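Written out below as structure tokens is the structure these notes cover.
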2 protein chains.
Amino acid sequence: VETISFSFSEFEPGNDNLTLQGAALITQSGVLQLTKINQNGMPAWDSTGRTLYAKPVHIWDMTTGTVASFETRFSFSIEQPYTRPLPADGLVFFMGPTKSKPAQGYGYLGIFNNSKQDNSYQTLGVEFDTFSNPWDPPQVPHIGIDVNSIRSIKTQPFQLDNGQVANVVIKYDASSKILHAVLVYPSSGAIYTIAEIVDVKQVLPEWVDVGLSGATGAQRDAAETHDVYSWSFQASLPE
Amino acid sequence: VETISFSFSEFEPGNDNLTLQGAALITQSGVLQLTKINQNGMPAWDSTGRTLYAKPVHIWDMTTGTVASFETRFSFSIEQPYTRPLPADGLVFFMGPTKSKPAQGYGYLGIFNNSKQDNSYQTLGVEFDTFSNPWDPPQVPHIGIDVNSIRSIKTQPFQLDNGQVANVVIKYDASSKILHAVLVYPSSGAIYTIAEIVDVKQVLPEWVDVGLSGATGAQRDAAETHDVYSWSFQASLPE
Ligand SMILES: *[C@@H]1O[C@H](CO)[C@@H](O[C@@H]2O[C@H](CO)[C@@H](O[C@@H]3O[C@H](CO[C@H]4O[C@H](CO)[C@@H](O)[C@H](O)[C@@H]4O)[C@@H](O)[C@H](O[C@H]4O[C@H](CO)[C@@H](O)[C@H](O)[C@@H]4O)[C@@H]3O[C@@H]3OC[C@@H](O)[C@H](O)[C@H]3O)[C@H](O)[C@H]2NC(C)=O)[C@H](O[C@@H]2O[C@@H](C)[C@@H](O)[C@@H](O)[C@@H]2O)[C@H]1NC(C)=O
Ligand SMILES: *[C@@H]1O[C@H](CO)[C@@H](O[C@@H]2O[C@H](CO)[C@@H](O[C@@H]3O[C@H](CO[C@H]4O[C@H](CO)[C@@H](O)[C@H](O)[C@@H]4O)[C@@H](O)[C@H](O[C@H]4O[C@H](CO)[C@@H](O)[C@H](O)[C@@H]4O)[C@@H]3O[C@@H]3OC[C@@H](O)[C@H](O)[C@H]3O)[C@H](O)[C@H]2NC(C)=O)[C@H](O[C@@H]2O[C@@H](C)[C@@H](O)[C@@H](O)[C@@H]2O)[C@H]1NC(C)=O
Ligand SMILES: CC(=O)N[C@@H]1[C@@H](O)[C@H](O[C@@H]2O[C@H](CO)[C@H](O)[C@H](O)[C@H]2O)[C@@H](CO)O[C@@H]1O
Ligand SMILES: CC(=O)N[C@@H]1[C@@H](O)[C@H](O[C@@H]2O[C@H](CO)[C@H](O)[C@H](O)[C@H]2O)[C@@H](CO)O[C@@H]1O
Ligand SMILES: [Ca+2]
Ligand SMILES: [Ca+2]
Ligand SMILES: [Mn+2]
Ligand SMILES: [Mn+2]
């Protein structure tokens, strides 16, 4: 039984348990700002940032065929300061190949390079998409389950509570192969739920890096904040 | 596409859209008290009460083989006034044969007659169990998914926020056959999630009654309240 877990009630600058990539930065106030925020306090466009836990996770074993069950919880806030242009692009929790570097930003959220469903990506993600690309459903924002593609296999529209903290819970039961995610806004009491069957043995490599990635838009001011306040994770491999 | 829906932001006494059975009663304050509350304001033991929506729901069609997707949301509160004996028994959201009457109370929650897994029950339920019977896991309270039996196929322990309002969301996606439930306590911000694969065509009859049932214990003072503040439901049959 290989178990791994971590819990950050807040982030500390200089911490060596997190790998910051791109624009990602931990403020002195303990907040993880995935995307860049200017001197004037406004979110910068054309920005991509990621944060990966410093240790790889054993998600499944090819020898025994066993797969781990896991759960992650995190709180974030997205603030959209401008009426026009439309804000973009969103943030995502993901699992993929170890030692990875940021991919394409914008609508690809820093984890994909195109809009193809390619098995070589070996990536599983739960997105919180704020901009409707041609591969997206018309409603934004939306939660989406991404399996080797930015074209979600399942989406769930939600209403953004501008600048309010949202609580997220993502759980994966290896026995039933169900990936269930929940988004709750304590401010308004709104609850959103989404679930889909995902066999990680068909998607991910045995060892993966777990992280959070965020991206702002491809044009001036098509931006918003992607702030994370806490993040915990736990995985248990019967093997 | 056969759709049916209802939404009760509060309950009105005398309403003919709800079938009250057993001890169930709607107060002048708009609260649905599933189980009996004495003159002294304390919950009575040996009490069972149910509330069924007055119209049957078309859940699946045998001719076309199509099955409906549905979602229900409700708020309730359980108050446990005594340290001893242990409180009991809990409440449950259920779907089963039309024109049904209350079954055994106590640990059977008013919807089962024994602890056998019998296909003739044709009942699907999501319980919020407060007393650990011999067929129950040791942890209480717990959320459970019941399929033709009081012995849940899946359980999830949760911490009771005594007398606080809990918000529940239960969703069923016919395409994936996933039944996902969420319990949130706004008071503490606690979020609980549970999911399992359930093929309703193998469990329920084509037409069903949807309801809520609650029960108090088999001995003096083994009791608690089972108050419901609101309840909404919607189902869509592609046929
Ligand atoms: C957040 O970051 C923290 C800081 O990095 C993490 O804590 C570190 O976790 C390290 C485990 O990876 C741990 O490393 C060991 O350190 C031992 C010496 O330090 C302790 O003992 C000292 C006295 O002897 C004392 O003064 C210190 O205060 C510590 O108590 C050392 O003996 C160990 O070496 C043995 O094991 C390694 C690995 O098998 C062998 O390589 C080695 O030969 C020997 O057999 C080990 O040393 C580390 O070895 C690998 C090498 O690359 C590293 O440089 C070397 O440090 C380290 O002690 C702590 N640091 C502190 C200050 O406690 C923290 O990890 C979590 O908490 C720790 C305690 C542990 O339980 C981990 O499993 C947890 O993940 C990070 N938190 C998270 C959630 O990631
Ligand atoms: C909560 O309870 C409410 C009260 O019971 C529900 O509202 C009732 O819903 C009934 C539908 O089942 C509806 O019944 C129809 O009433 C028609 C006459 O009343 C209307 O028109 C009057 C003037 O003509 C006006 O004064 C009234 O105020 C109403 O506007 C009547 O013509 C209908 O009859 C036709 O259809 C039936 C069924 O096919 C045939 O049997 C009949 O031959 C004729 O063709 C119909 O009458 C009902 O027929 C069945 C019989 O057993 C009933 O006794 C008879 O009433 C009724 O009007 C309303 N009541 C009110 C005050 O609006 C409410 O239902 C929801 O809302 C209604 C409007 C409808 O949209 C339903 O689908 C909804 O479920 C309940 N809410 C919920 C969530 O359950
Ligand atoms: C100046 C201009 O019109 N530029 C557009 C880009 O904005 C556009 O890229 C999209 O931009 C939105 C935000 O406006 C999101 O970032 C989205 O993910 C991007 O794809 C591109 C391609 O559509 O076209 C011009 O370059
Ligand atoms: C007086 C006494 O000990 N009576 C017990 C019953 O309580 C018990 O039934 C259980 O009672 C608990 C609450 O105490 C729950 O209601 C539970 O669901 C019941 O099964 C029965 C059977 O165990 O034994 C005596 O009758
Ligand atoms: Ca998008
Ligand atoms: Ca029980
Ligand atoms: Mn999307
Ligand atoms: Mn139980």
Side-chain angles (χ1 to χ4, degrees), chain A residues 2-12 14-19 35 43-48 51-57 72 80 82 84-92 103-115 127 129-136 140-141 150-151 209-210 214-224 226 230-235, chain B residues 88-92 94 106-112 115 117 125-147 149-158 194 213 215:
Chain A
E2 294 179 54
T3 304
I4 182 171
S5 67
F6 64 78
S7 183
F8 298 101
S9 296
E10 54 205 281
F11 303 92
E12 301 159 21
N15 177 263
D16 65 8
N17 285 319
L18 292 172
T19 302
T35 49
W45 66 286
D46 195 20
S47 183
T48 304
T51 300
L52 284 51
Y53 179 52
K55 289 190 285 190
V57 177
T72 191
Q80 305 179 152
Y82 289 127
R84 74 198 72 243
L86 303 177
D89 269 284
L91 68 88
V92 57
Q104 292 294 120
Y106 314 131
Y108 298 120
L109 310 174
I111 60 172
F112 295 112
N113 283 319
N114 53 39
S115 63
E127 62 170 48
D129 201 343
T130 57
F131 183 87
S132 187
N133 295 93
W135 58 76
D136 282 320
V140 283
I150 193 65
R151 302 192 233 118
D209 274 352
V210 308
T216 54
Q219 69 175 261
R220 175 204 140 233
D221 291 338
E224 60 192 13
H226 299 104
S230 59
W231 182 31
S232 56
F233 177 93
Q234 178 163 218
Chain B
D89 269 284
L91 68 88
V92 57
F94 70 99
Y106 314 131
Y108 298 120
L109 310 174
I111 60 172
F112 295 112
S115 63
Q117 193 142 221
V126 178
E127 62 170 48
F128 298 88
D129 201 343
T130 57
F131 183 87
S132 187
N133 295 93
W135 58 76
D136 282 320
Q139 312 76 27
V140 283
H142 60 260
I143 307 170
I145 294 172
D146 303 349
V147 176
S149 185
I150 193 65
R151 302 192 233 118
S152 313
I153 56 171
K154 186 86 163 65
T155 62
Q156 171 57 238
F158 74 98
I194 184 180
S213 180

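Sequence lines set the chain letters: A, B, ... in the order given, protein chains first and strands last, and positions in each chain run from 1. As the structure lists them, so they are numbered: ligands from 1, and atoms in each ligand from 1.
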Protein heavy atoms: any of them under 4.0 Å from atom 68 (C) of ligand 1? no
For A:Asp89, counting its heavy atoms only, list the atoms of ligand 3 lying under 4.0 Å from any of them. 15 (C), 16 (O), 17 (C), 18 (O)
Does the protein come close to atom 15 (C) of ligand 1 - that is, does one of its heavy atoms sit below 4.0 Å from that atom? no
Give the numbers and elements of all ligand 3 atoms closer than 4.0 Å to a heavy atom of A:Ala222. 13 (C), 14 (O)
Counting each atom of ligand 3 from 1 as listed, which ones have a heavy atom of A:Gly217 under 4.0 Å away? 16 (O)
Atom 3 (C) of ligand 1: any protein heavy atom closer than 4.0 Å: yes
Measuring to the Mn ion (ligand 8), does B:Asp146 have an N/O/S atom at a distance below 2.8 Å? no
Angle at the Mn ion (ligand 8), OD2 of B:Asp129 to OD1 of B:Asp136, rounded to 10 degrees, please. 90°
Ligand 3-proximal atoms of A:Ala218, by part, heavy-atom distance under 4.0 Å: both
Under 3.5 Å between any N/O of A:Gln219 and any N/O of ligand 3: does that happen in this structure? yes
I'd like to know whether the aromatic ring centres of A:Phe233 and A:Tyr53 sit less than 6.0 Å apart in this structure. no
Considering all protein heavy atoms, does one lie under 4.0 Å from atom 58 (O) of ligand 1? no
Any protein heavy atom at under 4.0 Å, with atom 2 (C) of ligand 3 as the reference point? yes
Protein heavy atoms: any of them under 4.0 Å from atom 11 (O) of ligand 3? yes
The side-chain hydrogen bond (donor to acceptor under 3.5 Å, both in side chains) partner of A:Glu224 among A:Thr130, A:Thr35, A:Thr216 is A:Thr130
So for ligand 3, is A:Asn133 a polar contact partner (N or O within less than 3.5 Å, distance only)? yes
Given the protein's heavy atoms, is any one of them under 4.0 Å from atom 22 (C) of ligand 3? no
Look up atom 76 (C) of ligand 1 and tell me if a protein heavy atom lies less than 4.0 Å from it? yes
More than 12 heavy atoms of other residues, nucleotides or ligands under 6.0 Å from CD of A:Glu2: yes or no? yes
So the atoms of ligand 3 within less than 4.0 Å of a heavy atom of A:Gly107 turn out to be 18 (O)
Return a yes/no value: protein heavy atom under 4.0 Å from atom 38 (C) of ligand 1? no
Is the A:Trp135 ring parallel, tilted or perpendicular to the A:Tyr108 ring (thresholds 30°, 60°)? parallel
Of all protein heavy atoms, the one nearest atom 5 (O) of ligand 1 is A:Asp16 OD1, 3.4 Å
To check your reading of the model: name the closest protein heavy atom to atom 80 (O) of ligand 1, its residue, and the distance in Å. A:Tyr53 OH, 2.7 Å
Tell me, which protein residue and heavy-atom name are nearest atom 72 (C) of ligand 1, and how many Å apart are they? A:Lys55 NZ, 4.1 Å
Would you say atom 30 (O) of ligand 1 makes contact with the protein, given that contact here means a non-hydrogen protein atom less than 4.0 Å away? no
Starting from atom 1 (C) of ligand 1, locate the nearest protein heavy atom and write down its residue, its atom name and how far away it is, to 0.1 Å. A:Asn17 ND2, 1.5 Å
